[PDB]
Every structure is written in structure tokens, then in C-alpha cells.
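These notes are about the structure you will find just below.
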Amino acid sequence: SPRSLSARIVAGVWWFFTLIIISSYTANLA
Amino acid sequence: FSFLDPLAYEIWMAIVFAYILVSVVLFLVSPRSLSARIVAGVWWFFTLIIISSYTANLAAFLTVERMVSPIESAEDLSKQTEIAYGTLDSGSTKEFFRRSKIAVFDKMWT
Amino acid sequence: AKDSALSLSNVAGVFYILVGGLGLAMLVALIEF
């Protein structure tokens, strides 16, 4: 149950962050 | 910049348009009816392909950086014309290259 | 001797299947509401 409003875009920002980190880690590891 | 670089910039503008398009379609429509499923589905396929592309492209470039080794051995240096090379004006080194009939060094001297 | 970035082109296809899906979604969403 997300509170939406600001919290939603907070979660979105963290999602983008962890996405870039995992993709970058994958590429570097390859 | 190396974050935005692997994907073309026009691709980033395009994905922004894709985002606002999906958002506005969602607006026009916690399960919601049917259409929300085809929207979320097509966006899923899309975002999967994009993350895969960023991963692969960044992998390729980071591979290129590690696969490219500058001049190291001397023989390797001799066959390339990109990097110019030389010696002292008068010395045992220059006279070595000159008087030496050894293949690699002969080429270098030439 | 004899013999970049992500493709602005090759990637675009995905953007087209996406746009198509979204359009179909326009149809499906609109007819019900």
C-alpha cells in the first residue's frame, strides 16, 4: 500500500538508481 | 556523461516520450479493467528491452576498453605507422640500429 | 587499414511495437469507458 504523492516518485528515483547500478555492475563484470 | 552516453540521446528523449505516452494512456483508462494490462505489458516489454540494451552496450564498451592495449612490445611498435618513434642524434643506440641487420630493428631503422 | 553509441535506429522498432500496443490500448480503453 504505497502512500503515493511524494513517496511514489521517491520509490521511482530509488528504482532508477538501483537499475543503473545493477546494469552497470553487469556490464563491468562481463 | 558515461551514464547517458551508451544509449543515444535521441533515444533518451524518445523514452521520455514513451513514458509520458504510457502515463497519459493510463490516465485515459490494484487491477484496472483490461487496457491497463496491455499498457503495463507493452511498457514491460519495452523497459525490459531498454535495460537489456543499456546492459549490453555498456558491456561492449567496457570490453573494448580492456581489449585495447597500447604499444608494449617493440616488434608490435615497428609495424605501425600511427605512433612516430626515434632515437638520439649521435650515439651507440642509433649506430646499433643502423649497423644491425636484425629484421625488426632493420625495419625500424628503415 | 583494408576491411559509438546505442542505435537510434535498431532500438526504434521497440518504440514502434510499444506505440502500437499503446494505440491498441487506446482502442480497448476507449470502447469500454
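Here Swiss-Prot sets the residue numbers for chain B, with the shown residues being 536-564, 613-693 in order.
Here the Cβ of each residue, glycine as well, is placed from N, Cα and C on the backbone.
What Swiss-Prot lists as phosphoserine is B:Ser683, and the listing cites experimental evidence. In the three-state DSSP scheme, B:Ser683 (phosphoserine) is classed as coil. For B:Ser683 (phosphoserine), other Cβ atoms within 10 Å of its Cβ number 13.
According to Swiss-Prot, the feature site 'Crucial to convey clamshell closure to channel opening' maps to B:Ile654, an assignment based on experimental evidence. DSSP assigns B:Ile654 (site 'Crucial to convey clamshell closure to channel opening') to coil in the three-state reduction, placing it in neither a helix nor a strand. Long-range Cβ contacts of B:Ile654 (site 'Crucial to convey clamshell closure to channel opening') within its own chain (separation 6+, distance under 8 Å): B:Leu660, B:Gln663, B:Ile666.
The feature site 'Interaction with the cone snail toxin Con-ikot-ikot' is assigned by Swiss-Prot to B:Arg681. Other C-beta atoms found within 10 angstroms of the C-beta of B:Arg681 (site 'Interaction with the cone snail toxin Con-ikot-ikot') number 11, with every protein chain shown included.
Proximity to chain C, defined as a CB-CB distance below 8 A, holds for none of the recorded positions B:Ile654, B:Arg681, B:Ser683.
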